Amino acid sequence: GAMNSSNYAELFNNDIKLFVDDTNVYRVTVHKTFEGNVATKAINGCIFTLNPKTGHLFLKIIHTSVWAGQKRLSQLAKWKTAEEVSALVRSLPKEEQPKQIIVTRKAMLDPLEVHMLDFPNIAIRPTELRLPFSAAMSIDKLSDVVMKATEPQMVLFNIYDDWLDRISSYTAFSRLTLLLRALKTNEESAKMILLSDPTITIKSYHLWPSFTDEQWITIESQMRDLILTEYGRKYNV
Amino acid sequence: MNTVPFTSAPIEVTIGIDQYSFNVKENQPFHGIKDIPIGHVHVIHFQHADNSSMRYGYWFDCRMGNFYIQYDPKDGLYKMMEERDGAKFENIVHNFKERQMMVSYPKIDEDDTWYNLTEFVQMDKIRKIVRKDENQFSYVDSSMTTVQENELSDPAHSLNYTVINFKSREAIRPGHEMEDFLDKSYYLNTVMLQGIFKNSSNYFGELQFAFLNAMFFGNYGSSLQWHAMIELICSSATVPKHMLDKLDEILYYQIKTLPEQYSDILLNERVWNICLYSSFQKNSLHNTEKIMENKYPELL
Ligand SMILES: N=C(COc1ccccc1)NO
C-alpha cells in the first residue's frame, strides 16, 4: 500500500526499490503572443528515478521534440514517464530489477500499472510523504545536462556522491531530502549556503561539495534554519 | 400460456415471478402460477418469511419442459423439478386449475416491461453462465460468487460471467497502453464483441441477466458485472450507433424497474456519473440520463 512515516525504514532494506518523480517531465514557459493571447513553449525535462538505498539516479532526459504535434501534454507526460520507466526496468538484468516502484504523485499509479502489466510481481505504490524531488533541477549539474540535451538521453548519477563511504543510506537520504527541501523553499539562499566558502569545491565526478563530516553538520544546521524559519513565515509558530 | 404448479407451500414465503411478488402463508392452499407468457425466459424466486437471508430462485423457459416446485424439508428450500410424464403433468395442472388453487401471472396488456428487461436473454446462454447441465432450469441465489470474484470459492456454484478487467493484458495492446486504457474501443469491439460474445445481442443478454440477478437476488458480483459491461461501452469512443441506441433503451427500462429504496446499494455512483457526464458516450444515452436525473438526482 501507500508509503508514509510509519514504514520509512523500508526504503533502506535490501529489497530493490525505485522512486519515480514525474514533476519535471513536462516543463513550459507561459508567454504572450503578438496578438496578445497566451501560449506555452516547452523546455527540456527529465524523469527522476532514484534508488534510495544506493543513491543511483537514472535521469531520463525528455527532449521537447517528444511533444511535437501531440495533444493533452500533461496527460501524455504521465504515460510517457510510465513508458520510459517500463523500458528502463526491461533493460535491467533480472537481478537488478526493482521489487517495488514508488511514485511520488498518485496520478502516476494507473499509467505505470498499465505499462508494467508484464511485471505482475513488481509492486506499484504511492506515498503520503511530500518528497522534494521537484527541486532536482536546482542541482546545477543535473539542470545543465537536461538543458543542453539535443535528443532523448539517459544519464546515470549517484545523487549521494561518496557519502555512503561514511554514513548509512538512511542518513544519506535524510541529508538529500533536507538539501532538496531547502532548495525548493528558497533556492537562492540554499545555494548561497552550499557554495559560500570558495575553499570547499565540487569534485568533477560529484554533484555536491566535498564537505567534511563537521562541515556537513554546519551545512545541515544552516538548511534547517531555513525550512523552520519559512514554516513560521508561511503559517505561524 | 404455461403453468408452474406447486406440490404445496409448507413454509411461509414471499414468491416472485419476474417483477411481480405475492405472499403465501404457512400451509396455505397454494398450488402454483398459471398463464405464464410463452416466448420469454422467466424467473421464479423465493424469500422465506422466517429467514430473509438467502433470496434464491430459478431461471426457466416453459418451452423447454414441464417444471414444478416442491418444498424439500431436508435442504429447507423450494426446489424446481422437471416432470417427464407429460400426462401426469397435464392432469395435475388441470385439477389445480379446476379448484382455482393457482394465482395468475398478472400481465397488463399494455405492459412490455418484462420483454424489455429480457429482450436478449436466452436460456441457453443462462445455462453457460450457471453450470448444472442435468437440469433445464438454472438456480441462482444471493450468495453465489462469480468466476472473477473467486480469482481475487466453490467452482460448481459460481456465476461464470465473462471476465472484464480494464487493467489486464487482454484489455491492453502492447504499445497502445495509453490509447487502449483511455479509449476502450479495441477491448469492446475486437476482444469482446468479435472475439468472445460474437455479436452485441449476446453481450446485451449477459448484461441484462446480470442486472436481473443483482435486482432480484441482491447478488453483488452480478451488480459488479452489470456495471462493468456498461462502463466498457461508455468508455469506448467507437461504438456502433445501433448498439448505443439499444443500450439506452436497455438501461432506461432497468432504471425504471429498479425499486426506489434499493437504489443506494444497486447503483454505483462512480460508474453512473462517469458514464452520463464524463465518458465518450456522455451525450448518447438521452432516455437513460433523463430517467436517472428525474428519479435518482441524489446519486449524481
Ligand atoms: N403485481 C404484483 C402482485 O402480483 C401478483 C401475482 C400473482 C398473485 C398475486 C399478486 N406485485 O408487483
# chains A, B, ... in the order shown; residues from 1 in each chain; ligands from 1
>>> closest_atom_pairs(of="chain B", to="ligand 1", cutoff="12 Å", atoms="only C-alpha atoms and all ligand atoms", output="Markdown table")
| residue | atom | partner | partner_atom_place_in_ligand_line | distance |
| --- | --- | --- | --- | --- |
| B:14 | CA | ligand 1 | 9 (C) | 10.4 |
| B:15 | CA | ligand 1 | 7 (C) | 8.6 |
| B:16 | CA | ligand 1 | 6 (C) | 7.9 |
| B:17 | CA | ligand 1 | 6 (C) | 7.2 |
| B:18 | CA | ligand 1 | 12 (O) | 8.9 |
| B:19 | CA | ligand 1 | 12 (O) | 6.0 |
| B:20 | CA | ligand 1 | 12 (O) | 3.6 |
| B:21 | CA | ligand 1 | 11 (N) | 4.6 |
| B:22 | CA | ligand 1 | 10 (C) | 4.8 |
| B:23 | CA | ligand 1 | 9 (C) | 7.7 |
| B:24 | CA | ligand 1 | 9 (C) | 9.4 |
| B:30 | CA | ligand 1 | 8 (C) | 10.4 |
| B:31 | CA | ligand 1 | 8 (C) | 11.6 |
| B:32 | CA | ligand 1 | 7 (C) | 9.4 |
| B:33 | CA | ligand 1 | 7 (C) | 7.2 |
| B:34 | CA | ligand 1 | 7 (C) | 9.1 |
| B:35 | CA | ligand 1 | 7 (C) | 10.3 |
| B:36 | CA | ligand 1 | 7 (C) | 10.5 |
| B:44 | CA | ligand 1 | 6 (C) | 11.2 |
| B:101 | CA | ligand 1 | 8 (C) | 11.1 |
| B:102 | CA | ligand 1 | 8 (C) | 8.5 |
| B:103 | CA | ligand 1 | 8 (C) | 4.8 |
| B:104 | CA | ligand 1 | 7 (C) | 5.5 |
| B:105 | CA | ligand 1 | 6 (C) | 5.5 |
| B:106 | CA | ligand 1 | 6 (C) | 5.5 |
| B:107 | CA | ligand 1 | 1 (N) | 8.3 |
| B:108 | CA | ligand 1 | 1 (N) | 9.4 |
| B:111 | CA | ligand 1 | 1 (N) | 11.9 |
| B:113 | CA | ligand 1 | 12 (O) | 11.9 |
| B:257 | CA | ligand 1 | 12 (O) | 10.7 |
| B:259 | CA | ligand 1 | 12 (O) | 10.8 |
>>> residues_around(residues="segment 134-148 of chain B", least_positions_apart="2", cutoff="8 Å", atoms="only C-alpha atoms", output="PyMOL selection string")
chain B and resi 54-61+64-65+80+82+123+126-127+130-132+150-153+155+157-161+163+213+217-222
>>> write_last_selection(atoms="C-alpha atoms", output="short mmCIF file (atom, residue, chain, number, x, y, z; two decimals), in the first residue's frame")
data_model
loop_
_atom_site.label_atom_id
_atom_site.label_comp_id
_atom_site.auth_asym_id
_atom_site.auth_seq_id
_atom_site.Cartn_x
_atom_site.Cartn_y
_atom_site.Cartn_z
CA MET B 54 -30.90 -16.03 1.04
CA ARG B 55 -33.16 -14.86 -1.71
CA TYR B 56 -32.97 -17.72 -4.22
CA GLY B 57 -34.73 -18.77 -7.41
CA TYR B 58 -34.83 -20.45 -10.79
CA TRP B 59 -34.48 -19.24 -14.36
CA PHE B 60 -36.57 -21.30 -16.78
CA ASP B 61 -38.36 -21.35 -20.15
CA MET B 64 -38.05 -26.47 -22.67
CA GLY B 65 -40.02 -28.77 -20.36
CA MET B 80 -37.69 -26.67 -9.11
CA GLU B 82 -38.88 -31.34 -14.24
CA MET B 123 -31.93 -19.85 -21.64
CA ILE B 126 -28.01 -18.60 -18.94
CA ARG B 127 -27.07 -22.28 -18.72
CA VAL B 130 -24.88 -21.10 -14.45
CA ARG B 131 -23.45 -24.60 -14.96
CA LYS B 132 -25.63 -27.56 -13.93
CA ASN B 150 -13.02 -16.33 -6.98
CA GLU B 151 -9.78 -15.10 -8.61
CA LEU B 152 -9.44 -12.16 -6.19
CA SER B 153 -14.55 -20.44 -3.67
CA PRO B 155 -16.40 -23.54 -8.63
CA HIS B 157 -21.69 -22.99 -7.59
CA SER B 158 -20.26 -19.97 -9.43
CA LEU B 159 -21.62 -17.47 -11.92
CA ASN B 160 -19.37 -17.78 -15.00
CA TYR B 161 -19.84 -14.28 -16.34
CA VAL B 163 -14.38 -11.58 -17.05
CA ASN B 213 -29.67 -11.27 -10.75
CA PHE B 217 -31.32 -11.68 -5.51
CA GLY B 218 -29.08 -8.89 -4.28
CA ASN B 219 -26.19 -10.72 -5.93
CA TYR B 220 -23.22 -8.39 -5.52
CA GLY B 221 -20.99 -9.98 -8.17
CA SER B 222 -23.82 -9.68 -10.68
#
>>> interface_residues(of="chain B", to="chain A", cutoff="10 Å", atoms="only C-alpha atoms", output="MDAnalysis selection string")
chainID B and resid 166:169 171:172 174:181
>>> write_last_selection(atoms="N, CA, C and O atoms", output="short mmCIF file (atom, residue, chain, number, x, y, z; two decimals), in the first residue's frame")
data_model
loop_
_atom_site.label_atom_id
_atom_site.label_comp_id
_atom_site.auth_asym_id
_atom_site.auth_seq_id
_atom_site.Cartn_x
_atom_site.Cartn_y
_atom_site.Cartn_z
N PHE B 166 -10.14 -3.91 -16.79
CA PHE B 166 -9.60 -2.83 -17.61
C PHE B 166 -8.08 -2.70 -17.50
O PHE B 166 -7.46 -2.12 -18.40
N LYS B 167 -7.49 -3.26 -16.46
CA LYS B 167 -6.01 -3.25 -16.28
C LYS B 167 -5.53 -4.69 -16.36
O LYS B 167 -5.14 -5.31 -15.38
N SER B 168 -5.63 -5.24 -17.56
CA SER B 168 -5.31 -6.62 -17.83
C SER B 168 -4.66 -6.67 -19.20
O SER B 168 -4.93 -5.82 -20.06
N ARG B 169 -3.81 -7.66 -19.42
CA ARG B 169 -3.21 -7.76 -20.74
C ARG B 169 -4.25 -7.99 -21.82
O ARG B 169 -4.05 -7.56 -22.96
N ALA B 171 -6.98 -6.50 -22.10
CA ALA B 171 -7.59 -5.21 -22.40
C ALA B 171 -6.64 -4.23 -23.05
O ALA B 171 -7.10 -3.25 -23.64
N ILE B 172 -5.33 -4.50 -23.01
CA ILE B 172 -4.32 -3.51 -23.31
C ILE B 172 -3.32 -4.11 -24.29
O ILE B 172 -2.59 -5.05 -23.93
N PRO B 174 0.09 -4.29 -26.18
CA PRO B 174 1.47 -3.78 -26.08
C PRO B 174 1.70 -2.65 -27.06
O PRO B 174 1.36 -2.74 -28.24
N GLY B 175 2.27 -1.55 -26.57
CA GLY B 175 2.50 -0.39 -27.40
C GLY B 175 1.32 0.52 -27.58
O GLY B 175 1.48 1.60 -28.18
N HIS B 176 0.12 0.13 -27.13
CA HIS B 176 -1.03 1.01 -27.16
C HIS B 176 -1.55 1.28 -25.76
O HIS B 176 -2.74 1.50 -25.57
N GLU B 177 -0.66 1.25 -24.76
CA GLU B 177 -1.11 1.31 -23.37
C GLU B 177 -2.00 2.52 -23.11
O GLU B 177 -3.11 2.38 -22.60
N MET B 178 -1.52 3.72 -23.42
CA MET B 178 -2.33 4.89 -23.13
C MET B 178 -3.59 4.87 -23.98
O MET B 178 -4.70 5.15 -23.49
N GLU B 179 -3.42 4.53 -25.26
CA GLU B 179 -4.55 4.58 -26.17
C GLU B 179 -5.64 3.65 -25.71
O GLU B 179 -6.80 4.04 -25.63
N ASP B 180 -5.28 2.41 -25.40
CA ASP B 180 -6.28 1.39 -25.08
C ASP B 180 -6.87 1.60 -23.69
O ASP B 180 -8.01 1.19 -23.45
N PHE B 181 -6.14 2.21 -22.77
CA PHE B 181 -6.68 2.41 -21.44
C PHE B 181 -7.66 3.57 -21.42
O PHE B 181 -8.71 3.50 -20.76
#
>>> atom_distance(atom1="atom CA of residue 48 of chain A", atom2="atom CA of residue 129 of chain A")
16.2 Å
>>> select_by_dssp(residues="segment 13-98 of chain B", states="strand (DSSP E or B)", output="number ranges by chain")
B: 13-17, 20-24, 32-36, 42-48, 56-60, 67-72, 77-82
>>> write_last_selection(atoms="C-alpha atoms", output="CSV table (one decimal), in the first residue's frame")
chain,number,residue,atom,x,y,z
B,13,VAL,CA,-42.7,-17.4,1.8
B,14,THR,CA,-42.7,-14.4,-0.5
B,15,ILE,CA,-42.8,-15.7,-4.1
B,16,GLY,CA,-41.6,-13.6,-7.0
B,17,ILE,CA,-42.4,-14.4,-10.6
B,20,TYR,CA,-44.4,-9.4,-9.6
B,21,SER,CA,-44.4,-10.8,-6.0
B,22,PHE,CA,-47.0,-12.2,-3.6
B,23,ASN,CA,-47.1,-13.7,0.0
B,24,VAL,CA,-48.0,-17.3,0.8
B,32,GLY,CA,-48.8,-22.5,-8.3
B,33,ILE,CA,-48.8,-19.9,-11.0
B,34,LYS,CA,-50.7,-20.1,-14.3
B,35,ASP,CA,-51.0,-18.0,-17.5
B,36,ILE,CA,-47.2,-17.5,-17.8
B,42,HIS,CA,-38.8,-16.3,-16.6
B,43,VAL,CA,-37.6,-16.4,-13.0
B,44,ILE,CA,-39.4,-17.7,-10.0
B,45,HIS,CA,-37.9,-16.6,-6.7
B,46,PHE,CA,-38.3,-17.0,-3.0
B,47,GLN,CA,-37.7,-15.3,0.3
B,48,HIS,CA,-38.7,-17.2,3.3
B,56,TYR,CA,-33.0,-17.7,-4.2
B,57,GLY,CA,-34.7,-18.8,-7.4
B,58,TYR,CA,-34.8,-20.4,-10.8
B,59,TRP,CA,-34.5,-19.2,-14.4
B,60,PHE,CA,-36.6,-21.3,-16.8
B,67,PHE,CA,-41.5,-27.7,-14.5
B,68,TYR,CA,-42.9,-27.6,-11.0
B,69,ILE,CA,-41.9,-26.6,-7.4
B,70,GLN,CA,-41.7,-28.8,-4.4
B,71,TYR,CA,-40.5,-27.9,-0.9
B,72,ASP,CA,-37.7,-30.1,0.4
B,77,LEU,CA,-36.0,-24.8,0.3
B,78,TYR,CA,-38.5,-24.7,-2.6
B,79,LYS,CA,-36.9,-26.8,-5.4
B,80,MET,CA,-37.7,-26.7,-9.1
B,81,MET,CA,-38.1,-30.1,-10.8
B,82,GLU,CA,-38.9,-31.3,-14.2
>>> closest_residue(among="B:41, B:92, B:255, B:244", to="residue 211 of chain B", atoms="only C-alpha atoms")
B:255
>>> select_by_dssp(residues="segment 68-227 of chain B", states="helix (DSSP H, G or I)", output="ChimeraX atom specification")
/B:86-98,113-118,123-129,147-151,155-157,177-182,185-197,200-217,220-227
>>> closest_residue(among="A:172, A:167, A:9, A:180", to="residue 131 of chain A", atoms="only C-alpha atoms")
A:180
>>> atom_distance(atom1="atom CA of residue 256 of chain B", atom2="atom CA of residue 117 of chain B")
10.2 Å
>>> residues_around(residues="segment 224-232 of chain B", least_positions_apart="6", cutoff="8 Å", atoms="only C-alpha atoms", output="list in words")
residues 161, 164, 184, 188, 207, 208, 210, 211, 268, 271 and 275 of chain B
>>> closest_residue(among="A:183, A:174, A:198, A:161", to="residue 8 of chain A", atoms="only C-alpha atoms")
A:174
>>> atom_distance(atom1="atom CA of residue 285 of chain B", atom2="atom CA of residue 237 of chain B")
13.8 Å
